[PDB]
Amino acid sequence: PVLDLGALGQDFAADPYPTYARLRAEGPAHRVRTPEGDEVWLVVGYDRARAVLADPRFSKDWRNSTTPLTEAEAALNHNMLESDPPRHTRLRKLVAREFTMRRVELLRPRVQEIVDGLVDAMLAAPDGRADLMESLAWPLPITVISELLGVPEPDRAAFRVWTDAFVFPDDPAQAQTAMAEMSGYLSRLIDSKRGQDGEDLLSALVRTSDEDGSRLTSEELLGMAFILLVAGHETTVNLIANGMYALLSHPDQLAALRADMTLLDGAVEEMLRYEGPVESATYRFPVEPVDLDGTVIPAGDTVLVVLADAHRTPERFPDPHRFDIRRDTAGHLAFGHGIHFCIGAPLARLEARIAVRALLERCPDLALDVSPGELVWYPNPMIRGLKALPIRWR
């Protein structure tokens, strides 16, 4: 049959893992209906999930999908995430050097500065309470990626409104309106860099496209700007929030990290394994019918790799539901796997490591200001993210 995820209510949004684990027990592939009404396939189980992410039979070119793209969706579709070789190879080569570890390490001073200033403005609240989402989890990633690509400061507020319509559309028409508004603005921002001799990443991409349209088309230029700004911000925002929630709702681990701050990098890794921002990888389409343990997914269907279930598979991560910052986290799929492995992983780790360190080093007696049952999770089956994260200190 077809399992409707919308009928499971907020209980699925708050804790989807028992539902995924129930499906993994009976097989790897399952037809489900998303809470928004889409019939997709769910791929569960760590071994199957890791394999499907790197399987060329599961394509990312929407030309291989039977699902139609709206005009607004198609306008931002020409990006590396929604591509197979050789288009994916060509597009990622354009910006790969900008996101290496050695190049991202050069941003560490500025990242620390952005974090230090946001922590200051948070600690200036008189009642000693704040929403960590609004005060640090959102401002930090959007500021870093905006300075890298050259988005003016007055333009960054509308990006939260737009991605708020992506992750949680009050009505599907609002997400479409946000996509057209973003597509129009990005085209205006691209045009504004032309001939201005800017040295930001978008200015370099505009010049690259103007010099040789075959290396980077104007649609691919728009798509590149789109994917770099959206895929960077949203996931990093939720990683900071999901991870601080994990530390504050597991006080023994917070104390262990406070005792030995060399476990910081391992704690962030387990943050990604325990409550990674990506619940399911982006849409994949089989170019031919694929047989998964007697279950045959037809060509062109929408396949969702449930990364969250892969991280709760006990044969790969023993005691999966335990948040252990000393755990062996090697081989998690939080950043994906294969040719589409997150190009922003070094930058995201740098942002998360500095943010978590600054919060703990500056604010002892930091605490969650609500009960874990009071937190609200977004009903998006693709995103594991909170509406807010109330905290208090001193």
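Start at 1 and count along the sequence shown; that's the residue number.
As listed in the deposited structure, the average C-alpha B-factor of 258 to 266 and of 73 to 81 is greater for 258 to 266. The mean C-alpha temperature factor is higher for 24 to 32 when 62 to 70 and 24 to 32 are set side by side. Considering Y245, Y274, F99, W162 together, the PDB entry gives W162 the largest C-alpha B factor. Ranking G150, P126, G213, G223 by the C-alpha B-factor listed in the PDB entry places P126 at the top. The entry lists a Cα temperature factor for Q174 that places it in the highest third of the chain's modelled residues. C363: CA B factor lies in the highest third for its chain, per the PDB record.
When the CA B factors of the chain's modelled residues are split into thirds, the value for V356 lands in the middle one. Among all modelled residues in this chain, the alpha-carbon of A54 has a temperature factor (C-alpha) in the middle third. Placement of the Cα temperature factor of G45 within the chain: middle third of the modelled residues, per the deposited record.
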